[PDB]
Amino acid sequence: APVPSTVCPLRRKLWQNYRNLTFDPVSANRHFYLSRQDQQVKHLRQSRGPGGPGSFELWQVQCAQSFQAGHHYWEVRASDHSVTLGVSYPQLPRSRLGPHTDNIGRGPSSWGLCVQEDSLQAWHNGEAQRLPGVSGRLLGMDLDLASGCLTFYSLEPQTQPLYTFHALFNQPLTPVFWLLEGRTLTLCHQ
């Protein structure tokens, strides 16, 4: 039950390519609890045992959808800061070889936007751009695979682009997310 408000005409244009995403439970870190027909995930303190083969040792989970040409848009609601929203090629590593728990945008195969307490970090290839923080927790990802552009949006209180990456994407892209303990992410459907 999203609160009614008149949809911004720019946001309505983005929705012309809206995609309804679901999480992939095989990928999910063993501490992650999925609900709402796999539209919602929460990082819990208590583990669910060994999640199994293919599960992220990082604090991550990916979606069951991938994208390769065309133009695609979706929205996600975060319960709080300290989440990362991104896309990756299929080769993104699942293991935690070191102290870091988030590898989204830490190599050439993924791109991500991490929401922090008082800033944003736009990650690719192990480099982050530090951007001004936002208070809104409703975030959009616009993936134009015709032009090779990925743009992150904040949708509340206005529709505002946050950062755009350009790339010549050469494999299908799968949405992928990082969550600190206690955080919930909800894949919004339209």
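Residue numbers here begin at 1 and follow the sequence given.
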| query | finding |
| --- | --- |
| 168-176 set against 7-15, stretch whose average Cα temperature factor tops the other in the entry | 7-15 |
| Higher-scoring stretch by recorded Cα B factor average, 88-96 or 72-80 | 88-96 |
| Residue with maximal Cα B-factor (values as given in the PDB entry) among 126, 157, 161, 148 | 157 |
| Within-chain third of residue 67 by Cα B-factor, per the entry | lowest |
| Modelled-residue ranking by C-alpha temperature factor, third containing residue 110 | lowest |
| Position of residue 143 among the chain's modelled residues by C-alpha B-factor, lowest, middle or highest third | lowest |
| Residue 122 CA temperature factor, ranked by third within the chain | lowest |
| Residue 101 - Cα temperature factor, lowest/middle/highest third of chain | middle |
